[PDB]
file structure.pdb (PDB, C-alpha atoms)
MODEL        1
ATOM      1  CA  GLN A   1     198.655 -62.139 -55.220  1.00  0.00           C
ATOM      2  CA  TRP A   2     200.958 -60.562 -52.641  1.00  0.00           C
ATOM      3  CA  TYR A   3     204.037 -62.252 -54.136  1.00  0.00           C
ATOM      4  CA  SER A   4     202.719 -63.300 -57.560  1.00  0.00           C
ATOM      5  CA  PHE A   5     202.918 -59.780 -59.048  1.00  0.00           C
ATOM      6  CA  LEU A   6     205.388 -57.850 -56.874  1.00  0.00           C
ATOM      7  CA  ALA A   7     207.959 -60.561 -57.631  1.00  0.00           C
ATOM      8  CA  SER A   8     208.207 -59.320 -61.226  1.00  0.00           C
ATOM      9  CA  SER A   9     209.024 -55.781 -60.082  1.00  0.00           C
ATOM     10  CA  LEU A  10     211.519 -57.045 -57.501  1.00  0.00           C
ATOM     11  CA  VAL A  11     213.213 -59.304 -60.063  1.00  0.00           C
ATOM     12  CA  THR A  12     213.454 -56.499 -62.627  1.00  0.00           C
ATOM     13  CA  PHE A  13     214.921 -54.085 -60.070  1.00  0.00           C
ATOM     14  CA  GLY A  14     217.419 -56.679 -58.852  1.00  0.00           C
ATOM     15  CA  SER A  15     218.437 -57.581 -62.401  1.00  0.00           C
ATOM     16  CA  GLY A  16     219.004 -53.916 -63.210  1.00  0.00           C
ATOM     17  CA  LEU A  17     221.084 -53.443 -60.064  1.00  0.00           C
ATOM     18  CA  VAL A  18     223.130 -56.556 -60.882  1.00  0.00           C
ATOM     19  CA  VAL A  19     223.693 -55.326 -64.448  1.00  0.00           C
ATOM     20  CA  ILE A  20     224.861 -51.934 -63.157  1.00  0.00           C
ATOM     21  CA  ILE A  21     227.171 -53.605 -60.624  1.00  0.00           C
ATOM     22  CA  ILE A  22     228.635 -55.862 -63.328  1.00  0.00           C
ATOM     23  CA  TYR A  23     229.161 -52.879 -65.641  1.00  0.00           C
ATOM     24  CA  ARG A  24     230.912 -50.919 -62.882  1.00  0.00           C
ATOM     25  CA  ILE A  25     233.097 -53.916 -61.997  1.00  0.00           C
ATOM     26  CA  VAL A  26     234.061 -54.426 -65.650  1.00  0.00           C
ATOM     27  CA  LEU A  27     234.953 -50.740 -65.986  1.00  0.00           C
ATOM     28  CA  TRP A  28     236.931 -50.745 -62.718  1.00  0.00           C
ATOM     29  CA  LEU A  29     238.129 -54.307 -62.062  1.00  0.00           C
ATOM     30  CA  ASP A  30     223.307 -39.292 -78.447  1.00  0.00           C
ATOM     31  CA  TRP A  31     219.936 -39.032 -80.180  1.00  0.00           C
ATOM     32  CA  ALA A  32     218.213 -39.897 -76.899  1.00  0.00           C
ATOM     33  CA  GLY A  33     220.172 -37.064 -75.294  1.00  0.00           C
ATOM     34  CA  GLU A  34     218.468 -34.708 -77.730  1.00  0.00           C
ATOM     35  CA  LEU A  35     215.156 -36.468 -77.045  1.00  0.00           C
ATOM     36  CA  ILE A  36     215.338 -35.614 -73.322  1.00  0.00           C
ATOM     37  CA  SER A  37     215.989 -31.867 -73.270  1.00  0.00           C
ATOM     38  CA  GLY A  38     214.311 -28.587 -72.348  1.00  0.00           C
ATOM     39  CA  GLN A  39     212.587 -26.241 -74.797  1.00  0.00           C
ATOM     40  CA  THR A  40     213.294 -28.638 -77.691  1.00  0.00           C
ATOM     41  CA  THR A  41     210.095 -29.437 -79.575  1.00  0.00           C
ATOM     42  CA  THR A  42     210.745 -33.189 -79.508  1.00  0.00           C
ATOM     43  CA  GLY A  43     211.498 -33.118 -75.784  1.00  0.00           C
ATOM     44  CA  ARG A  44     208.487 -30.963 -74.937  1.00  0.00           C
ATOM     45  CA  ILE A  45     206.183 -33.151 -77.041  1.00  0.00           C
ATOM     46  CA  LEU A  46     207.548 -36.343 -75.473  1.00  0.00           C
ATOM     47  CA  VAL A  47     207.190 -34.992 -71.925  1.00  0.00           C
ATOM     48  CA  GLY A  48     203.652 -33.766 -72.574  1.00  0.00           C
ATOM     49  CA  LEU A  49     202.585 -37.043 -74.180  1.00  0.00           C
ATOM     50  CA  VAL A  50     204.084 -39.045 -71.305  1.00  0.00           C
ATOM     51  CA  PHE A  51     202.311 -36.828 -68.765  1.00  0.00           C
ATOM     52  CA  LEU A  52     198.892 -37.019 -70.444  1.00  0.00           C
ATOM     53  CA  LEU A  53     199.207 -40.783 -70.951  1.00  0.00           C
ATOM     54  CA  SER A  54     200.121 -41.053 -67.263  1.00  0.00           C
ATOM     55  CA  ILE A  55     196.908 -39.168 -66.484  1.00  0.00           C
ATOM     56  CA  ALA A  56     194.993 -41.613 -68.686  1.00  0.00           C
ATOM     57  CA  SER A  57     196.583 -44.624 -66.973  1.00  0.00           C
ATOM     58  CA  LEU A  58     195.731 -43.156 -63.572  1.00  0.00           C
ATOM     59  CA  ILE A  59     192.130 -42.586 -64.701  1.00  0.00           C
ATOM     60  CA  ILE A  60     191.741 -46.160 -65.925  1.00  0.00           C
ATOM     61  CA  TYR A  61     193.201 -47.228 -62.572  1.00  0.00           C
ATOM     62  CA  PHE A  62     190.431 -45.253 -60.852  1.00  0.00           C
ATOM     63  CA  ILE A  63     187.899 -46.995 -63.098  1.00  0.00           C
ATOM     64  CA  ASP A  64     189.351 -50.412 -62.241  1.00  0.00           C
ATOM     65  CA  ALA A  65     189.343 -49.643 -58.507  1.00  0.00           C
ATOM     66  CA  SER A  66     185.755 -48.357 -58.543  1.00  0.00           C
ATOM     67  CA  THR A  67     184.590 -51.474 -60.429  1.00  0.00           C
ATOM     68  CA  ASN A  68     186.035 -53.917 -57.871  1.00  0.00           C
ATOM     69  CA  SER A  69     191.267 -60.035 -70.693  1.00  0.00           C
ATOM     70  CA  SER A  70     189.646 -56.598 -70.532  1.00  0.00           C
ATOM     71  CA  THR A  71     190.004 -53.909 -73.185  1.00  0.00           C
ATOM     72  CA  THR A  72     191.155 -51.429 -70.537  1.00  0.00           C
ATOM     73  CA  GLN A  73     193.914 -53.912 -69.699  1.00  0.00           C
ATOM     74  CA  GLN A  74     195.094 -53.750 -73.321  1.00  0.00           C
ATOM     75  CA  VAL A  75     194.976 -49.939 -73.282  1.00  0.00           C
ATOM     76  CA  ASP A  76     197.036 -49.993 -70.084  1.00  0.00           C
ATOM     77  CA  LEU A  77     199.438 -52.386 -71.830  1.00  0.00           C
ATOM     78  CA  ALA A  78     199.887 -49.907 -74.678  1.00  0.00           C
ATOM     79  CA  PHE A  79     200.507 -47.135 -72.151  1.00  0.00           C
ATOM     80  CA  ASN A  80     203.059 -49.346 -70.384  1.00  0.00           C
ATOM     81  CA  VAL A  81     204.768 -50.097 -73.711  1.00  0.00           C
ATOM     82  CA  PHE A  82     205.099 -46.390 -74.473  1.00  0.00           C
ATOM     83  CA  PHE A  83     206.355 -45.695 -70.940  1.00  0.00           C
ATOM     84  CA  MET A  84     208.966 -48.472 -71.082  1.00  0.00           C
ATOM     85  CA  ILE A  85     210.130 -47.254 -74.496  1.00  0.00           C
ATOM     86  CA  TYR A  86     210.586 -43.815 -72.931  1.00  0.00           C
ATOM     87  CA  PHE A  87     212.340 -45.575 -70.037  1.00  0.00           C
ATOM     88  CA  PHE A  88     214.988 -47.087 -72.300  1.00  0.00           C
ATOM     89  CA  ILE A  89     215.291 -43.779 -74.177  1.00  0.00           C
ATOM     90  CA  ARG A  90     216.020 -41.844 -70.980  1.00  0.00           C
ATOM     91  CA  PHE A  91     218.238 -44.685 -69.730  1.00  0.00           C
ATOM     92  CA  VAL A  92     220.522 -44.549 -72.761  1.00  0.00           C
ATOM     93  CA  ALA A  93     220.273 -40.750 -72.563  1.00  0.00           C
ATOM     94  CA  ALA A  94     221.495 -40.810 -68.950  1.00  0.00           C
ATOM     95  CA  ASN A  95     225.164 -39.996 -68.408  1.00  0.00           C
ATOM     96  CA  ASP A  96     225.395 -42.492 -65.528  1.00  0.00           C
ATOM     97  CA  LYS A  97     223.374 -45.589 -64.656  1.00  0.00           C
ATOM     98  CA  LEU A  98     223.727 -46.167 -60.902  1.00  0.00           C
ATOM     99  CA  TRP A  99     222.535 -42.646 -60.071  1.00  0.00           C
ATOM    100  CA  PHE A 100     219.823 -42.772 -62.744  1.00  0.00           C
ATOM    101  CA  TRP A 101     218.503 -46.181 -61.669  1.00  0.00           C
ATOM    102  CA  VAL A 102     217.518 -44.818 -58.234  1.00  0.00           C
ATOM    103  CA  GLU A 103     215.391 -41.944 -59.559  1.00  0.00           C
ATOM    104  CA  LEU A 104     211.745 -41.680 -58.533  1.00  0.00           C
ATOM    105  CA  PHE A 105     210.295 -42.348 -61.990  1.00  0.00           C
ATOM    106  CA  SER A 106     212.502 -45.441 -62.279  1.00  0.00           C
ATOM    107  CA  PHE A 107     210.831 -47.010 -59.235  1.00  0.00           C
ATOM    108  CA  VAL A 108     207.472 -45.753 -60.515  1.00  0.00           C
ATOM    109  CA  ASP A 109     207.958 -47.718 -63.738  1.00  0.00           C
ATOM    110  CA  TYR A 110     209.387 -50.774 -61.955  1.00  0.00           C
ATOM    111  CA  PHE A 111     206.381 -51.091 -59.653  1.00  0.00           C
ATOM    112  CA  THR A 112     203.843 -50.906 -62.482  1.00  0.00           C
ATOM    113  CA  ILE A 113     205.152 -52.214 -65.823  1.00  0.00           C
ATOM    114  CA  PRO A 114     206.326 -55.757 -64.862  1.00  0.00           C
ATOM    115  CA  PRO A 115     203.270 -56.296 -62.613  1.00  0.00           C
ATOM    116  CA  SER A 116     200.976 -55.157 -65.431  1.00  0.00           C
ATOM    117  CA  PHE A 117     202.698 -57.490 -67.898  1.00  0.00           C
ATOM    118  CA  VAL A 118     202.411 -60.417 -65.475  1.00  0.00           C
ATOM    119  CA  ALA A 119     198.751 -59.677 -64.717  1.00  0.00           C
ATOM    120  CA  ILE A 120     197.892 -59.459 -68.420  1.00  0.00           C
ATOM    121  CA  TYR A 121     199.761 -62.722 -69.022  1.00  0.00           C
ATOM    122  CA  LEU A 122     197.712 -64.359 -66.249  1.00  0.00           C
ATOM    123  CA  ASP A 123     194.547 -62.393 -67.189  1.00  0.00           C
ATOM    124  CA  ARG A 124     193.944 -61.375 -63.568  1.00  0.00           C
ATOM    125  CA  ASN A 125     192.319 -58.219 -62.185  1.00  0.00           C
ATOM    126  CA  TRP A 126     195.029 -57.300 -59.670  1.00  0.00           C
ATOM    127  CA  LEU A 127     194.806 -53.651 -58.638  1.00  0.00           C
ATOM    128  CA  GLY A 128     198.581 -53.222 -58.753  1.00  0.00           C
ATOM    129  CA  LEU A 129     200.658 -50.160 -57.927  1.00  0.00           C
ATOM    130  CA  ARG A 130     199.360 -48.085 -60.853  1.00  0.00           C
ATOM    131  CA  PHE A 131     198.660 -45.158 -58.506  1.00  0.00           C
ATOM    132  CA  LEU A 132     202.412 -44.467 -58.422  1.00  0.00           C
ATOM    133  CA  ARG A 133     201.842 -43.215 -61.973  1.00  0.00           C
ATOM    134  CA  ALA A 134     200.399 -40.138 -60.246  1.00  0.00           C
ATOM    135  CA  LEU A 135     204.008 -39.249 -59.391  1.00  0.00           C
ATOM    136  CA  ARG A 136     204.360 -38.289 -63.063  1.00  0.00           C
ATOM    137  CA  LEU A 137     202.128 -35.308 -62.242  1.00  0.00           C
ATOM    138  CA  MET A 138     205.259 -33.827 -60.639  1.00  0.00           C
ATOM    139  CA  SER A 139     206.405 -33.077 -64.207  1.00  0.00           C
ATOM    140  CA  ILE A 140     203.671 -30.410 -64.435  1.00  0.00           C
ATOM    141  CA  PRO A 141     205.830 -27.341 -63.562  1.00  0.00           C
ATOM    142  CA  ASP A 142     208.266 -28.012 -66.412  1.00  0.00           C
ATOM    143  CA  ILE A 143     205.445 -28.518 -68.930  1.00  0.00           C
ATOM    144  CA  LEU A 144     203.854 -25.199 -67.989  1.00  0.00           C
ATOM    145  CA  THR A 145     207.352 -23.727 -68.239  1.00  0.00           C
ATOM    146  CA  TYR A 146     207.410 -25.087 -71.789  1.00  0.00           C
ATOM    147  CA  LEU A 147     203.937 -23.587 -72.292  1.00  0.00           C
ATOM    148  CA  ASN A 148     205.133 -20.193 -70.934  1.00  0.00           C
ATOM    149  CA  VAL A 149     201.973 -19.908 -68.817  1.00  0.00           C
ATOM    150  CA  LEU A 150     204.279 -19.934 -65.767  1.00  0.00           C
TER     151      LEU A 150
ENDMDL
END
call {"tool": "encode", "arguments": {"input": "structure.pdb", "output": "structure tokens"}}
result
Amino acid sequence: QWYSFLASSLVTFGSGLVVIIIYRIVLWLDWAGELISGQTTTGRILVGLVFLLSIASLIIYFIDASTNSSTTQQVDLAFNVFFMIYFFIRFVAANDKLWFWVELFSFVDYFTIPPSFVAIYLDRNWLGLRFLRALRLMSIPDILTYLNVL
């Protein structure tokens, strides 16, 4: 439990760091850019959808915690799939990789998506680090900026 699920997140983070190091060593020794933007309709819609789905994932995490495979596990899997798709979109949209890989939302995704996949594969009810999804609430000020209420 302690190392059965966190190992997936640690392995994914280490593999990403190794890939970035290899890319930098090789160097030394786009549409996604439009997708992640400001007032653009696609960017605003994507950010809002990600934020509301993060709220939904947090809520189902509250439900799981208060009730301490399940259908809610499959819904969380769909949310994780959408979030990891957005992860690759913003990754290829990023100008650099080493600086991008250390961002807060990167760790947020690392500590929840691989553990969720492993738990669903093993059909276990591990609580996981889904509460880090609440960090996505920090995207609220931009969304309101897009909504002009601010």
call {"tool": "closest_atom_pairs", "arguments": {"input": "structure.pdb", "of": "region 42-149 of chain A", "to": "region 2-24 of chain A", "cutoff": "8 Å", "atoms": "only C-alpha atoms", "output": "tab-separated table"}}
result
residue	atom	partner	partner_atom	distance
A:97	CA	A:20	CA	6.7
A:98	CA	A:20	CA	6.3
A:101	CA	A:17	CA	7.9
A:110	CA	A:9	CA	5.4
A:111	CA	A:9	CA	5.4
A:112	CA	A:9	CA	7.5
A:113	CA	A:9	CA	7.8
A:114	CA	A:8	CA	5.4
A:115	CA	A:5	CA	5.0
A:118	CA	A:5	CA	6.5
A:119	CA	A:5	CA	7.0
A:128	CA	A:5	CA	7.9
call {"tool": "atom_distance", "arguments": {"input": "structure.pdb", "atom1": "CA of residue 135 (chain A)", "atom2": "CA of residue 63 (chain A)"}}
result
18.3 Å
call {"tool": "atom_distance", "arguments": {"input": "structure.pdb", "atom1": "CA of residue 39 (chain A)", "atom2": "CA of residue 88 (chain A)"}}
result
21.1 Å
call {"tool": "atom_distance", "arguments": {"input": "structure.pdb", "atom1": "CA of residue 70 (chain A)", "atom2": "CA of residue 57 (chain A)"}}
result
14.3 Å
call {"tool": "closest_residue", "arguments": {"input": "structure.pdb", "among": "A:72, A:38, A:48, A:82", "to": "residue 125 (chain A)", "atoms": "all atoms listed in the file"}}
result
A:72
call {"tool": "resolve_selection", "arguments": {"input": "structure.pdb", "expression": "the PyMOL selection byres ((chain A and resi 130) around 7)", "output": "count of residues only"}}
result
8
call {"tool": "residues_around", "arguments": {"input": "structure.pdb", "residues": "residue 105 (chain A)", "least_positions_apart": "3", "cutoff": "8 Å", "atoms": "all atoms listed in the file", "output": "ChimeraX atom specification"}}
result
/A:108-109,135-136
call {"tool": "closest_residue", "arguments": {"input": "structure.pdb", "among": "A:66, A:71, A:106, A:37", "to": "residue 84 (chain A)", "atoms": "all atoms listed in the file"}}
result
A:106
call {"tool": "closest_residue", "arguments": {"input": "structure.pdb", "among": "A:137, A:144, A:77, A:149", "to": "residue 55 (chain A)", "atoms": "all atoms listed in the file"}}
result
A:137
call {"tool": "axis_aligned_box", "arguments": {"input": "structure.pdb", "around": "region 28-44 of chain A", "padding_each_side": "5 Å", "output": "JSON"}}
result
{"center_x": 223.3, "center_y": -40.3, "center_z": -71.1, "size_x": 39.6, "size_y": 38.1, "size_z": 28.1}
call {"tool": "resolve_selection", "arguments": {"input": "structure.pdb", "expression": "the PyMOL selection byres ((chain A and resi 46) around 12)", "output": "PyMOL selection string"}}
result
chain A and resi 32+34-45+47-53+82-83+85-87+89-90+139+143+146
call {"tool": "residues_near_point", "arguments": {"input": "structure.pdb", "point": "(194.2, -63.1, -71.7)", "cutoff": "10 Å", "atoms": "all atoms listed in the file", "output": "VMD selection string"}}
result
chain A and resid 69 to 70 73 to 74 119 to 124
call {"tool": "build_atoms", "arguments": {"input": "structure.pdb", "residues": "region 42-63 of chain A", "atoms": "N, CA and C atoms", "output": "short mmCIF file (atom, residue, chain, number, x, y, z; two decimals), in the frame of the given file"}}
result
data_model
loop_
_atom_site.label_atom_id
_atom_site.label_comp_id
_atom_site.auth_asym_id
_atom_site.auth_seq_id
_atom_site.Cartn_x
_atom_site.Cartn_y
_atom_site.Cartn_z
N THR A 42 210.86 -31.75 -79.73
CA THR A 42 210.74 -33.19 -79.51
C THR A 42 210.66 -33.50 -78.02
N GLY A 43 211.52 -32.87 -77.22
CA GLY A 43 211.50 -33.12 -75.78
C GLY A 43 210.21 -32.66 -75.13
N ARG A 44 209.74 -31.47 -75.49
CA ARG A 44 208.49 -30.96 -74.94
C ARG A 44 207.32 -31.86 -75.32
N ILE A 45 207.27 -32.28 -76.58
CA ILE A 45 206.18 -33.15 -77.04
C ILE A 45 206.23 -34.49 -76.31
N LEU A 46 207.42 -35.07 -76.16
CA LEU A 46 207.55 -36.34 -75.47
C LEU A 46 207.11 -36.23 -74.02
N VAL A 47 207.55 -35.17 -73.33
CA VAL A 47 207.19 -34.99 -71.92
C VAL A 47 205.68 -34.81 -71.78
N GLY A 48 205.09 -33.98 -72.64
CA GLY A 48 203.65 -33.77 -72.57
C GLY A 48 202.86 -35.03 -72.86
N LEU A 49 203.27 -35.79 -73.87
CA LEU A 49 202.58 -37.04 -74.18
C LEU A 49 202.71 -38.03 -73.03
N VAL A 50 203.90 -38.15 -72.44
CA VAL A 50 204.08 -39.04 -71.31
C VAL A 50 203.19 -38.63 -70.15
N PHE A 51 203.10 -37.32 -69.89
CA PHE A 51 202.31 -36.83 -68.76
C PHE A 51 200.82 -37.07 -68.98
N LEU A 52 200.32 -36.80 -70.19
CA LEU A 52 198.89 -37.02 -70.44
C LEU A 52 198.55 -38.51 -70.46
N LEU A 53 199.44 -39.34 -71.00
CA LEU A 53 199.21 -40.78 -70.95
C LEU A 53 199.28 -41.31 -69.53
N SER A 54 200.12 -40.71 -68.68
CA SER A 54 200.12 -41.05 -67.26
C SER A 54 198.79 -40.69 -66.61
N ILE A 55 198.24 -39.53 -66.97
CA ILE A 55 196.91 -39.17 -66.48
C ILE A 55 195.89 -40.21 -66.92
N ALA A 56 195.95 -40.63 -68.18
CA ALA A 56 194.99 -41.61 -68.69
C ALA A 56 195.13 -42.95 -67.96
N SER A 57 196.37 -43.39 -67.71
CA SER A 57 196.58 -44.62 -66.97
C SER A 57 196.06 -44.51 -65.55
N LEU A 58 196.28 -43.36 -64.91
CA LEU A 58 195.73 -43.16 -63.57
C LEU A 58 194.21 -43.21 -63.59
N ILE A 59 193.59 -42.60 -64.61
CA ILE A 59 192.13 -42.59 -64.70
C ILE A 59 191.58 -44.00 -64.89
N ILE A 60 192.21 -44.79 -65.76
CA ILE A 60 191.74 -46.16 -65.92
C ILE A 60 192.00 -46.96 -64.66
N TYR A 61 193.03 -46.60 -63.88
CA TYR A 61 193.20 -47.23 -62.57
C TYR A 61 192.05 -46.88 -61.63
N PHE A 62 191.61 -45.62 -61.64
CA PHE A 62 190.43 -45.25 -60.85
C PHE A 62 189.22 -46.07 -61.28
N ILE A 63 189.04 -46.23 -62.59
CA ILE A 63 187.90 -47.00 -63.10
C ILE A 63 187.98 -48.44 -62.63
#
